[PDB]
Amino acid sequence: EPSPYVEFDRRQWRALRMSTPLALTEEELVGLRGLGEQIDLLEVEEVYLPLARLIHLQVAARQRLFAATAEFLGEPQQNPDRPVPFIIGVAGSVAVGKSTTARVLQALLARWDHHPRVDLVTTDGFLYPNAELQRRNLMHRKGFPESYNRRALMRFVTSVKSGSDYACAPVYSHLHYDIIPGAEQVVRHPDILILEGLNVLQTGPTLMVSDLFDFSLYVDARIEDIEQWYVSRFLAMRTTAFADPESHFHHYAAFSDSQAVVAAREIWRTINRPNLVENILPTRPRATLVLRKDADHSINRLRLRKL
């Protein structure tokens, strides 16, 4: 029967790359990928290039219908480029590779002829401070929708897409596990803004940032493989991030493989799995494009929304 989606295997999807030129070195790609991730230039060629093409086709088009409303409203046509910013949402579970996906994507789009100003903002900066989470009793629901200042977030994206010259976002420290006092990420009328986070695709009784997305990605994989990736990476960090004496999780650095597995498995089932099942996965149906990864992190399937 009819469907709003059209599935692709990697063979079918890579052919849609066309002439899209690869503007990324092997060394540039590594400073973009996170611990555990297996993304290489082949994947950036057979997957991210078609995606970048599809995106560029729609930036021009998306611009046409904001112009229709401008024409209808008896309005000018504000400086070119200073068209309406194209907002892209990248969602998915913790440890699924979505932040790398978002970084790679910002890289590819920034290297487009025109030379678009492409900004990337993670929702981390929009988490409530630990003190405020403690107050609302949310220190163990960090990542759940309620642990974010969604008002501020919505104001931020609304501000950018409405044409503001500059919008500020708080900044989150992973080293300190908390929001950084005084820190701000300033976004200045970018041509494209990618917003990456766990629940960005969420919907509700009020207008949310998902309602401002012109395009969205949902990096998917089966729950069991993601837990494995999460646990694996938790263990690997004992010698990277947790090794830092200043790390809020420095006590984990000394855990044994077995002790670390138990700890990582517990956080997964008490925080990350529940959030994935209750809040993140239910948003997957609305994503313009879903990137399905196999147990080895390899993106071998895609689901696109034609309707």
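One-based numbering along the sequence shown. So that the term is clear: the rigid core is the largest set of C-alpha atoms that superpose within 1.5 Å between two forms.
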property: Greater Cα displacement in 8 other deposited structures of this protein once the core is superposed, comparing 76-84 with 199-207; result: 76-84
property: Per the entry, higher mean C-alpha B factor between 71-79 and 188-196; result: 71-79
property: Average Cα temperature factor in the PDB entry - higher stretch of 8-16, 285-293; result: 8-16
property: Selection from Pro274, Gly34, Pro245, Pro50 [criterion: highest C-alpha temperature factor in the record]; result: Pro245
property: Top Cα B factor in the deposited entry, candidates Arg150, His114, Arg233, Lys142; result: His114
property: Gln58 - Cα temperature factor, lowest/middle/highest third of chain; result: highest
property: Within-chain third of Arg135 by Cα B-factor, per the entry; result: middle
property: For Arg155, the third of its chain into which the C-alpha B factor falls; result: lowest
property: Third of chain Cα B-factors occupied by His174; result: highest
property: Position of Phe249 among the chain's modelled residues by C-alpha B-factor, lowest, middle or highest third; result: lowest
